[PDB]
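# Architecture and fold: a report
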Amino acid sequence: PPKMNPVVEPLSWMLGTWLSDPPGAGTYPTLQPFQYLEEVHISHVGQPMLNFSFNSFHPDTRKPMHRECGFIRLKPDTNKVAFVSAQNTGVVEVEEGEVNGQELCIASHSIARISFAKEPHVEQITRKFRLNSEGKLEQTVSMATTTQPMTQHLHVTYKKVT
Ligand code: HEM
């Protein structure tokens, strides 16, 4: 209901409640391929930023899996974007980059974790968000871990439900 702060207009295409369709696709050189369901809620309350919650679930049992939440800020009147996330693995990250048209490309510069986080530890993350020609939201996530160089981990497209 609050009018949207002009600072976040360059990312207005991300706003909504979204559901992975088809299921998200998970991979890594060390992992068997997997699928997952994900609910994405991207919202705002009038501040110069977006609020997000991304919650994934097992496609069959619907048991909760990865979860994260945070904020997406922009430098006013620019296309420069900064993303902060806390993840249920006990990991936090700061990613920055830019939006051009309806594509956002960001990369981590800072990652920290809890002392008992499960190994292997992630060292670098990059994400690409885009709105495709059908009006669906796409996210692709890549990462490097202590033992694996930068490569794709996740790809998902979402249907807006709300
Ligand atoms: C930016 C967000 C994420 C990061 C940084 C991240 C990081 C990682 C890392 C470091 C690993 C271990 C890699 C290895 O075993 O070599 C992993 C594994 C895994 N992740 Fe992700 N992850 C993310 C998002 C997700 C999401 C959304 C899902 C959806 C369910 C997911 C599901 C899994 C699964 C199933 C595994 C392997 C579990 C196993 O070892 O059996 N992750 N992730």
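Residues numbered from 1 in each chain as written, not as in the entry; some residues may be left out. Heavy atoms only, no water.

This entry, as listed in the PDB, derives from X-ray crystallography and reports a resolution of 1.792 Å.

### Concerning the layout of surface pockets
Volume-wise, the largest pocket comes out at about 1,000 Å³. If you go around the largest pocket, you meet 32 residues; those closest to its centre are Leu31, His66, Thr89, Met143 and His153. A class-by-class count of the residues in the lining of the largest pocket yields 13 nonpolar, 12 polar and seven charged. (1 Å grid on protein atoms, 1.4 Å probe; cavity = no way out; pocket = protein on both sides within 12 Å on 5 of 7 lines; lining within 4 Å. Points joined across faces, edges and corners; volume = space filled by probe spheres on them. Nonpolar A, V, L, I, M, F, W, Y, C, P; charged D, E, K, R; others polar.)

### Some words on the nonpolar core
Within the largest apolar cluster, 32 residues are counted, with the highest numbers of intra-cluster contacts made by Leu11, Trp13, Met14 and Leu104. Among the elements that make up this core, the one with the highest residue count is strand β9 (residues 122-131) (four residues). Setting aside its immediate chain neighbours within four residues, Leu104 contacts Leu11, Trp13, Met14, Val81, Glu98, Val99, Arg127, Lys128 and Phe129. (Core = buried A, V, L, I, M, F, W, Y, C linked by side-chain atoms within 4.5 Å. Buried < 20%, exposed > 50% of the residue type's maximum accessible area, 1.4 Å probe, protein only. Helix = DSSP H or I, 4+ residues; strand = E, 2+ residues; numbered from the N terminus. Contact = heavy atoms within 4.5 Å.)

### A few points about the coordination of the iron atom of the ligand
Only one protein atom coordinates the iron atom of the ligand: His153 (NE2), located 2.3 Å from the metal. In this structure, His153 sits in strand β11 (residues 148-160). (Donors = N, O, S within 2.8 Å, 3.2 Å for Na, K, Ca; no water.)

### Observations concerning the environment of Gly90
Relative to the assigned elements, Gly90 resides in the loop between β6 (80-87) and β7 (91-100). Since its relative accessible area comes to 18%, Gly90 is described here as buried. With 31 residues separating them in the primary sequence, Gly90 and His121 have C-alpha atoms 11 Å apart. In this structure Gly90 touches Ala112, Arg113 and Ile114, once residues within four positions along its chain are discounted.

### Considerations on the pattern of salt bridges
Across all of its chains, the model carries six salt bridges by this definition. For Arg127, the salt bridge is made with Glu93, and the minimal N-O distance between the two is 2.6 Å. Here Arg127 is found in strand β9, whereas its partner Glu93 is found in strand β7, with 34 residues between them in sequence. Here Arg127 falls in the buried class, since its relative accessible area comes to 5%. When the shortest N-O distance is used, the salt bridge between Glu95 and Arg127 registers 3.0 Å. Highlighted residues: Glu95 in strand β7 and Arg127 in strand β9, separated in sequence by 32 residues. The residues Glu95 and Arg127 share a single accessibility class, namely buried. (Salt bridge = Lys/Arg side-chain N within 4 Å of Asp/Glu carboxyl O.)

### What to know about the pairing of β9
The pairing of strand β8 (residues 103-113) with β9 spans five bridges and is classified as antiparallel. In the strand pairing of β9, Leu104 is matched with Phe129. Pairing of β9 with strand β10 (residues 137-145) involves nine bridges; the strand directions are antiparallel. What sits directly across from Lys128, in β10, is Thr140. Between β9 and β10, which pair antiparallel and follow one another directly, the connecting turn spans five residues, one of which, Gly135, has a positive phi of 90 degrees. (Pairing = 2+ DSSP bridges.)

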